[PDB]
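Asks: What would the 3D arrangement of this be:
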Amino acid sequence: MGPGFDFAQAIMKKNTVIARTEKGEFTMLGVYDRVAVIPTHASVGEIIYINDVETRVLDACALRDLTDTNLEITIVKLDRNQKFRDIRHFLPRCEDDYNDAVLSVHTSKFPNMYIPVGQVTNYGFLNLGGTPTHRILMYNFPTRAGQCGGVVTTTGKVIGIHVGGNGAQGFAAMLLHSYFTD
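Replies: Numbers count the residues shown, from 1 in each chain. Dropping the coordinates below:
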């Protein structure tokens with residue numbers, strides 16, 4: 001409906017796939033080449049379904065910070081026959097707060113879903129389902145089951161992936177450019 005939704009749509013239409021694990025369906029953001037991200041609680045194994053196609057996992061790494069604290073991001077390299085558009089130039093270099101973000105989801109259940117979540121706080125520490133987690137972004141929107149893996153954007157930046165909620169607030173794991181340097 002406006003420039004925020006325009007940027008979100010441009011990311012969803014070329015840089016997302018539907019990922020299925022034994023823990024359900026997730027929005028999955030493709031970053032460059034065959035490299036994508038997903039919340040670590042999706043529990044990626046040796047095989048994953050990508051748009052309902054059986055796909056070998058070539059590598060999967062659950063990221064932690066240098067304090068050895070969970071970041072809730074898993075980086076996955078997929079044995080897929082096609083590369084993602086390279087969007088690494090849209091990733092922020094540092095931890096930050098943001099205004100006027102959009103959370104965008106695409107699953108079998110919730111296709112073409114876009115939510116204006118408003119102001120995003122650099123929350124930092126969160127006990128997420130019992131697990132100490134760092135680099136958490138928070139927004140004041142009552143996010144629900146089915147939105148995990150959803151992409152958080154501002155105009156011109158891809159800043160995080162949705163990883164949880166408490167009924168009143170939603171929480172995203174930061175994406176930083178340094179996670180995807182090669």
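Asks: going forward, measure contacts and count neighbours with C-alpha atoms only.
Replies: Noted.
Asks: Helix, strand, or coil at residue 12?
Replies: Recorded secondary structure, residue 12: helix (DSSP: H, G, I helix; E, B strand; the rest coil).
Asks: Go ahead and confirm it touches residue 102.
Replies: No: contact between residue 12 and residue 102 fails when scored by C-alpha atoms under 8 Å: they sit 11.5 Å apart.
Asks: Looking at those two, which has the bigger crowd around it?
Replies: Set residue 12 next to residue 102 and count neighbours by other C-alpha atoms under 10 Å: residue 102 wins out with 25 against 22.
Asks: List the beta-bridge partners for that one.
Replies: residue 116, residue 153 (DSSP bridges).
Asks: Report the contact partners of it.
Replies: Shown in contact with residue 102 (C-alpha atoms under 8 Å, 6 or more residues apart in numbering): 4-5, 8, 114-118, 151-154.
Asks: mind redoing it with 7 Å?
Replies: Residue 102 makes contacts with 4-5, 8, 114-117, 152-154, as judged by C-alpha atoms under 7 Å, 6 or more residues apart in numbering.
Asks: And the buried ones among those, selectable in PyMOL?
Replies: Of the contacts of residue 102, the buried ones go into a single PyMOL selection, burial set by 16 or more other C-alpha atoms under 10 Å:
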select buried, resi 4+5+8+114+116+117+152+153+154
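Asks: Go through the contacts of residue 102 and say which is closest to residue 26.
Replies: Each of the contacts of residue 102 was scored against residue 26 by C-alpha to C-alpha, and residue 152 proved nearest at 14.1 Å.
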